[PDB]
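**Q** If you scroll down you'll find the structure; I have some questions about it.
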Amino acid sequence: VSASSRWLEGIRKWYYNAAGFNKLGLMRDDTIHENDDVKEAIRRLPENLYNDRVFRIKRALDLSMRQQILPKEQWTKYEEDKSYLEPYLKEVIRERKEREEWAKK
Amino acid sequence: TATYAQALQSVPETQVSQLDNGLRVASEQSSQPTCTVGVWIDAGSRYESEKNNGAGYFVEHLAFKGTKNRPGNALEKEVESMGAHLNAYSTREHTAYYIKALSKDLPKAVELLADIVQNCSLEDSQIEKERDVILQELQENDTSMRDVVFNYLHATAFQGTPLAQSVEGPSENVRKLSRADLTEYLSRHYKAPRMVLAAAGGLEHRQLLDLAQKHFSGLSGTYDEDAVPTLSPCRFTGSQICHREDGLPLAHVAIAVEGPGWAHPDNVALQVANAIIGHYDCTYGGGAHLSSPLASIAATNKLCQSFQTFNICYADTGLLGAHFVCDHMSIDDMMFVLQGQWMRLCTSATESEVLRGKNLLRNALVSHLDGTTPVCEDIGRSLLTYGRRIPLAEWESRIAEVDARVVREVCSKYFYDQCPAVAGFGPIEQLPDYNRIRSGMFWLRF
Amino acid sequence: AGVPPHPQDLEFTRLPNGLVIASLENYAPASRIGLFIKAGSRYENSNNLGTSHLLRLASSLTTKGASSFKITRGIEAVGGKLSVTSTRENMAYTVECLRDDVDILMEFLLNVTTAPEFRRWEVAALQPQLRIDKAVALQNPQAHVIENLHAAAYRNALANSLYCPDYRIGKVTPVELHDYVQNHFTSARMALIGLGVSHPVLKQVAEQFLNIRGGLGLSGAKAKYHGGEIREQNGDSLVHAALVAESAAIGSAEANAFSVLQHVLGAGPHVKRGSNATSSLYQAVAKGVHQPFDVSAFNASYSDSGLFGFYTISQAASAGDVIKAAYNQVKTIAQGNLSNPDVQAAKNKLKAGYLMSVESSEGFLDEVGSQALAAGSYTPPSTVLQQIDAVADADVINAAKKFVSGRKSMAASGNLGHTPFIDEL
Amino acid sequence: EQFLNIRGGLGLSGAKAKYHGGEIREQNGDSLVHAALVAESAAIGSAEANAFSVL
Amino acid sequence: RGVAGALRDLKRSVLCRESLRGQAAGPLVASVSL
Amino acid sequence: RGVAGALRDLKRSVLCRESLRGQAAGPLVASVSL
Ligand SMILES: CCCCCC(=O)OC[C@H](COP(=O)([O-])OCCN)OC(=O)CCCCC
């Protein structure tokens, strides 16, 4: 399934580098907008993933202050970006939709 | 298989008979080795005047202390020896004495009850010993903020009427109640057409009637010429009583509007609405996910340690409302959320939550009449209030009639824009002003 | 004629995996189902103390088949109930509802007991409830004493508390809850009881969903009676004290003799505000003690041990007098001073008390579930009264002899300046 | 003599200390177990107390 | 509601001898619910 | 400063055998000051 799949993934990797959050050492889930679903998922993160999220964001804000980026060696590789928050967020959303479905009857 | 509705038909009919003197004899037969049998009397502190307000409770302290036939602890030894249990209680409208015993001991249990309610020997030496006991009980009851705040609610709600009085009476009454006051109370209220010999368990209604004509025929069924007591209606009063005592660690608050009474059909819909609001304790497991908005909000925000809704019924009146216990900085929020739910149900009750309240009441009704003693109480008390036993199939019919519209109409009739009675005890500086509470009983948006 | 129909008798089944099913169709408007599990606090050890308390508080946490929100709202929607009752030997997951909703609540019950997830964050938010739940229980002084009495009596297992030790609050892990369920909530340790349920349904449920293997053997390590004393100086208004000896395991004939001895000495009151005329302990203390007090025989029987004795409440200065008066009254019984009318009345109190304890569905269900795990059978009431009748007076005297001569365990709380030690009795 | 001439009060040593024997166990899950095991030995000032000190 | 049964907010005070009977314990049980 | 002597904020950890010697008690004393 290489022909058509790799072209789509090729455009996604293009956009990933164009977005440029990897240039500050960040991962995709570090950039999501914090709404109530996201605050709960972050709350549910285990100790290590929470502490890693804190330092990466702190390192990126420090760079943004200095208008700098990391050296190219330290950029977040597209293939190594871990969606550590997505599974927690999916459950938080699934729970809220259950409440909403019960609130309808 | 069997359905819920079919199970309601399988409940045995409660047989009812009346003696020549007027004593009503009622029973629900089961297949049990044990039973509960007792006498329910239509007497209580609402019938008592200010002079003798503590007599019925005083008589409760003397009922099991000796009779003319079995003096001293002779009665106490017979009950204990056959393994039976003798108990009693007094309310503002009803008095009850009942025995739990083996079914084989029903003939002796009935004999003892008749001996107690007729031939109670109120010996002077015993009256004086029970004097200091009751006074000590008054000191103990002062330490129960729940019992205190509910007596305060009656004191202000029915101010100036017999229902304002407590069951136990004032401290002064217990130190001057004479034997003549007690015998006058007994000979004036313990008449056969106001008593109900109720039973429940393994027993034939025939034998209960035989024991009734055997041990209760010797009872005065002929009232005095014009000394038949009649209950006057009790004026409800929108008012407030606040016992500020900051030395106590939690505030108790009781709020209520006037209810209709025992025999009003609207009680079924009112009990459904109270089931929607429900109750809460800090030891509940549900917490944030509880269905009741008041309960989930109280759990998530720690607004209280507990609350309960109630519908206390009397003859042609009652107290409909709630009571709660909370930290001194939470009284205002609990009052706000509580009243908001009353107004919400008056104006915006939905169908699904009403089915919830109906289901809770069905489970509450069936789960309560589970055992010989609760059924025996429902027999005796129902014959005083309703004049009959209301089968569970009838309660199901009244509950099924209830839908969202019925709750909105019934609740608005008793809650909306009505003056409540408020009772506060403890650290109640944050208890809202009465005008603000009264303003909480309507919505400007409606 | 309001004569009721013929009552159907209970049905009972032991599956080859050890599970026990017992149903009774009483055609009542409500149904009651309970899963009784040999998972009480005795099966904790010094490394996971309190794990069964937190487990008792976690029945509404998320499962694989039902979210936490759904368990609370689904049960409340049909007006049902979910409860978790726990002794030192058993945990009892019970569910109540009307007949037509048994399917709903059975599914919740199975998810709570066979598929809990123990989500890390849900468990963390529940930890403070241990402190609230413990604090509410321990405002009865009786709860302190009995918990200390068992800690002083035993070296292990039955020494464990029903409530989590304070040092463990916040420290119980989801792994410990998972491990506790996996090796204690197993078929050979379980009993599925149902009132207002058909036996084929329960048997179908048991074979389909309660075929859990693995785990641990039955009863774990044996309870080693030790003897000892724990004293809690707290300056309460009154002194509570309990003095016991090892008595007998439940199900043995010797245990009935202790039960009969309990009602000879005096177990509880029968008449409201009565003097307890036929209570031999109360009259013994009442002779030389005119201040307020209470005294009661204490009887606790378990799978592999038991505790018998008495419990006293008195003024702090009269504590020794009340205790010594109570202990001597038991000595006179051990010395053979016991009439036959005394034992016959005690059998009446005991036999009557047992029947009264099973007239409610709640009390009936607990008895059947308890018998299923303890005895592996159902013993009907008539046979229980038979076993009570078989108690001879000499059996009762011998039980009293066993208490007087046996190594004692004691617990007391209050101002203990006049509460004796064991060696002062 | 001026300020510490206080009379009244109680006798010396009050009530005598009655040795009992027993054990108190504190389950707290500390990293290490601390334990002390003793018997009644001797009052200070007696010759037997020096023997315990030497022991 | 949470239960502690053993018989076979300032709570309240027990003073007289009549109100003490029934209080002496007579095997603890702990029960929790919703 | 308040003292507790018996030898004849997370405090710290003792791990090795060398750092345990001297810790075993050897009659408690309590001292307070200004
Ligand atoms: C255009 C008008 C907007 C509504 C403002 C208003 O009426 O305020 C509410 C109060 C009366 O409501 P309440 O205090 O009984 O609370 C009822 C809550 N259920 O009225 C007052 O006395 C406040 C004085 C305002 C004068 C400017």
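Residue numbering for chain A follows Swiss-Prot; the residues present correspond to positions 7-111, in that order.
So how was this one determined? The header says X-ray crystallography, 3.0 Å.
Positions of Cβ are set from backbone N, Cα and C atoms, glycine also.
The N6-acetyllysine annotation in Swiss-Prot covers A:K19, A:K78, A:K83, A:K88, A:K96. What Swiss-Prot lists as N6-succinyllysine is A:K78, A:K88.
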**Q** Return only the integer: C-alpha distance in Å from A:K83 (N6-acetyllysine) to A:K19 (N6-acetyllysine).
**A** 9
**Q** If we count other C-beta atoms within 10 Å, could you say which of the modified residues A:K19, A:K78, A:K83, A:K96 has the fewest?
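**A** A:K78, out of the modified residues A:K19, A:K78, A:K83, A:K96, has the fewest neighbouring Cβ atoms within 10 Å.
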**Q** Restricting the comparison to the modified residues A:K19, A:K88, A:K96, which residue's C-alpha is spatially nearest the C-alpha of A:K78 (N6-acetyllysine)?
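**A** Closest candidate to A:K78 (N6-acetyllysine), judged by Cα separation, is A:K19.
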**Q** Mind pulling out which modified residues among A:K19, A:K78, A:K83, A:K88, A:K96 sit under 8 Å from chain E, Cβ to Cβ?
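**A** Out of A:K19, A:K78, A:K83, A:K88, A:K96, none lie under 8 Å of chain E.
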**Q** At a 10 Å cut-off from the C-beta of A:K88 (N6-acetyllysine), count the other C-beta atoms across all protein chains.
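**A** Excluding its own Cβ, A:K88 (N6-acetyllysine) sees 12 Cβ atoms within 10 Å.
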**Q** Per DSSP, A:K88 (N6-acetyllysine) is which: helix, strand or coil?
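**A** In the DSSP reduction, A:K88 (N6-acetyllysine) maps to coil.
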**Q** Measuring Cα to Cα, how far is A:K19 (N6-acetyllysine) from A:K88 (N6-acetyllysine) in Å?
**A** 14
**Q** Cα-Cα, whole number of Å: A:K96 (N6-acetyllysine) versus A:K88 (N6-acetyllysine)?
**A** 15
**Q** According to DSSP, does A:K83 (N6-acetyllysine) sit in a helix, a strand, or coil?
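**A** In the DSSP reduction, A:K83 (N6-acetyllysine) maps to coil.
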**Q** How would DSSP class A:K96 (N6-acetyllysine) in three states?
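**A** DSSP call for A:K96 (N6-acetyllysine): helix.
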